[PDB]
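Here the structure is laid out as structure tokens; the discussion comes afterwards.
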Amino acid sequence: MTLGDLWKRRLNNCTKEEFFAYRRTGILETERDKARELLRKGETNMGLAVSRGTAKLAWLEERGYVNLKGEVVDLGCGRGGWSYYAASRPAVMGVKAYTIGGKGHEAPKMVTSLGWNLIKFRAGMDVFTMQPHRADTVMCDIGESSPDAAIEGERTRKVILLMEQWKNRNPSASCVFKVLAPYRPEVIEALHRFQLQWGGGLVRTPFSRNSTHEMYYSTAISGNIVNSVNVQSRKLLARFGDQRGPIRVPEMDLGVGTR
Ligand SMILES: C[n+]1cn([C@@H]2O[C@H](COP(=O)(O)OP(=O)(O)OP(=O)(O)O)[C@@H](O)[C@H]2O)c2nc(N)[nH]c(=O)c21
Ligand SMILES: C[S@@+](CC[C@H](N)C(=O)[O-])C[C@H]1O[C@@H](n2cnc3c(N)ncnc32)[C@H](O)[C@@H]1O
Ligand SMILES: [Mg+2]
């Protein structure tokens with residue numbers, strides 16, 4: 001059993017007041033006061049981020065940890081925060097974004113955020129059974145939290161396998177994907193296998209809540225995976241009992257228009 005497995009048990013052992021205080025302590029949070037109401041009322045002319053996902057991917061790129069270029073696929077696009085982010089980047093030529101939609105799942109938000117015309121959104125699509133196609137950059141932000149760590153491990157394993165399938169079609173593709181439960185040993189095994197064939201490493205973004213162990217794998221970086229995970233587990237355990245609140249920052253505004 002791993003340090004992260006213990007963290008998950010400690011998390012589930014929090015009382016409600018402990019949990020809600022722990023969840024946001026010391027994390028960056030975008031200010032979505034305006035963006036949320038614009039989306040609620042159905043405004044389509046807006047470039048404020050359609051979700052909290054945009055600033056996460058932006059941070060990864062600003063840090064130099066991802067390469068976003070060429071023909072991009074967004075697997076599990078949800079509202080589309082990553083799709084709109086990618087579409088606004090000059091090195092990106094097109095975005096093919098796929099998400100399952102349906103009951104209890106986010107459908108793509110339709111806005112004029114810069115480069116929207118270069119995105120082909122397709123909802124009602126299961127990416128786990130969809131045959132891969134050519135792409136220069138493969139993104140996947142899939143991984144639904146579960147109180148059950150074994151379920152999170154299995155959901156993570158399916159994402160890593162999907163990425164192996166997209167790399168089999170596109171061996172030279174840039175990859176960035178969510179690893180929901182990197183602390184699970186079955187996930188560590190799959191990541192080692194991925195890293196030994198494709199390179200890459202794991203990083204934590206500062207916008208992820210403390211209630212999730214999610215980390216992001218990118219082929220553009222390197223680093224011992226076990227060490228990366230254990231450093232993050234300790235950080236998450238050390239924040240229990242922290243009284244600092246979240247740190248509020250402006251939300252990404254990409255502007256509007258076609259490219
Ligand atoms: C609501 N809640 C969640 N957790 C734990 O925190 C993890 C994440 O729970 P979460 O509520 O922070 O994320 P969610 O599952 O809603 O996904 P989101 O839509 O992206 O926000 C869960 O899998 C549980 O392990 C919780 N743990 C405790 N102790 N008490 C709680 O009320 C509680
Ligand atoms: C957390 S969202 C990604 C957030 C996104 N990156 C953003 O910035 O808004 C992950 C999405 O993947 C979708 N999803 C989960 N399983 C899927 C599947 N098998 N096929 C397609 N989409 C799936 C979920 O509905 C969810 O909306
Ligand atoms: Mg919740």
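Throughout, residue positions are numbered sequentially from 1 according to the sequence presented.
The side-chain heavy atoms of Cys14 and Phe240, taken from C-beta on, include a pair separated by under 4.5 Å. The side-chain heavy atoms of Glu61 and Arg89, taken from C-beta on, include a pair separated by under 4.5 Å. Counting heavy atoms from C-beta outward, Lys8 and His213 have side chains that stay 4.5 Å or more apart. Between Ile225 and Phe194, the closest side-chain pair of non-hydrogen atoms is not below 4.5 Å. Contact of the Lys56 side chain with the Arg52 side chain is not registered, since no non-hydrogen atoms from C-beta on lie closer than 4.5 Å. Annotation: side chain of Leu39 is in contact with side chain of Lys109 (closest heavy-atom distance under 4.5 Å). Taking the side chain as every heavy atom from C-beta outward, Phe177 and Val138 never approach each other to under 4.5 Å. With contacts defined as side-chain heavy-atom distances shorter than 4.5 Å, the pair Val179/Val159 does not qualify.
At distances below 3.5 Å, at least one donor-acceptor pair connects side-chain atoms of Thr99 with backbone N or O atoms of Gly78. One N or O on the side chain of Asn210 and one on the backbone of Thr25 form a donor-acceptor pair closer than 3.5 Å. For the pair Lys178 (side chain) and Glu214 (backbone), a donor-acceptor distance under 3.5 Å is absent. At least one donor-acceptor pair under 3.5 Å links the side chain of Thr112 to the backbone N or O of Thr44. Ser174 places no side-chain N or O within 3.5 Å of a backbone atom of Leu68 that could act as its donor or acceptor partner. The closest donor-acceptor contact from the side chain of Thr54 to the backbone of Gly81 lies under 3.5 Å. Counting only distance, with no hydrogens or angles, the side chain of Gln195 and the backbone of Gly200 share a donor-acceptor pair below 3.5 Å. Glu164 places no side-chain N or O within donor-acceptor distance of the main-chain N or O of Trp166, the cut-off being under 3.5 Å. Checked by atom type and distance alone, the side chain of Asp126 never pairs as donor or acceptor with a backbone atom of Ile100 at under 3.5 Å. Counting only distance, with no hydrogens or angles, the side chain of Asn170 and the backbone of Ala135 share a donor-acceptor pair below 3.5 Å.
A centroid separation of less than 6.0 Å is found between the aromatic rings of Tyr216 and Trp82. Ring pair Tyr84/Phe121: centre-to-centre distance below 6.0 Å.
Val187 and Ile151 fall into different hydrophobic clusters, where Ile, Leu, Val, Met, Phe, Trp and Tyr residues are linked whenever their side-chain heavy atoms come under 4.5 Å apart, directly or through other members. At a threshold of 4.5 Å between side-chain heavy atoms, the hydrophobic network of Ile, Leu, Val, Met, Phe, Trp and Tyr places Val176 and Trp59 in one connected group. In the hydrophobic clustering of this structure, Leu236 groups with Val226; members are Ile, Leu, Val, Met, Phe, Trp, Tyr whose side-chain heavy atoms approach within less than 4.5 Å, directly or through other members. Two different hydrophobic clusters hold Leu114 and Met110 under the rule that ILVMFWY side chains link at heavy-atom gaps under 4.5 Å. Cluster membership check: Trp198 shares its hydrophobic cluster with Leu202, using side-chain heavy-atom separations under 4.5 Å among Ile, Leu, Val, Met, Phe, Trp and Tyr.
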Item to check | side-chain contact (heavy atoms from CB on, under 4.5 Å) assessment of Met252 paired with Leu48 | outcome: CA-CA 6 Å; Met252 305 269 324; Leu48 276 163; over 6 Å; no
Next on the checklist: Go through it in stages, so that I can follow the logic: the residues are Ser113 and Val50, the test is side-chain contact (heavy atoms from CB on, under 4.5 Å), and I'd like the CA-CA distance, side-chain angles, deciding distance and then a yes or no.
Outcome noted: CA-CA 9 Å; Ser113 179; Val50 302; 5.9 Å; no
Checklist entry - Are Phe19 and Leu11 close enough, and set up right, to give a side-chain contact (heavy atoms from CB on, under 4.5 Å), and what steps lead you there? => result CA-CA 7 Å; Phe19 170 74; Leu11 183 69; 3.9 Å; yes
Item to check | Test side-chain contact (heavy atoms from CB on, under 4.5 Å) applied to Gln165 and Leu161, step by step | outcome: CA-CA 6 Å; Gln165 288 159 347; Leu161 170 59; 3.8 Å; yes
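Between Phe207 and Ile27 the shortest heavy-atom distance is O-CD1, 4.3 Å. When all heavy atoms of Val95 and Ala86 are compared, the closest pair comes out as CG2-CB, 4.1 Å. Nearest heavy-atom pair across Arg259 and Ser88 is NH1-C, 4.3 Å. When all heavy atoms of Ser228 and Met215 are compared, the pair lying nearest together is O-CE, 3.7 Å. The shortest heavy-atom contact between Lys167 and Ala173 is NZ-O, 2.8 Å. Taking each heavy atom of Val72 and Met139 in turn, the nearest pair found is CG1-CE, 3.6 Å.
Separation of atoms CG (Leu38) and CD (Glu43) is listed at 6.5 Å; rounding is to 0.5 Å. A distance of 8.5 Å separates CD of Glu71 from NE2 of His133, quoted to the nearest 0.5 Å. Note that OH of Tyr85 is 13.5 Å distant from OG of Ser51, once rounded to the nearest 0.5 Å. Considering CG of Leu75 and CE of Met125, their distance stands at 10.5 Å, rounded to 0.5 Å. Separation of atoms CD (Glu152) and OH (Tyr183) is listed at 4.0 Å; rounding is to 0.5 Å. Within the model, atoms CD1 of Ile221 and CG of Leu60 stand 8.0 Å from one another, a figure rounded to the nearest 0.5 Å.
In this model, no donor atom of one side chain and acceptor atom of the other lie less than 3.5 Å apart for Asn230 and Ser233.
A salt bridge links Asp5 with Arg184; the closest basic N to acidic carboxylate O contact falls under 4.0 Å. In summary, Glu18 and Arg23 do not engage in a salt bridge, as defined by a charged side-chain N under 4.0 Å from a carboxylate O. Salt bridge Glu186/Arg157: absent, no basic N to carboxylate O contact under 4.0 Å.
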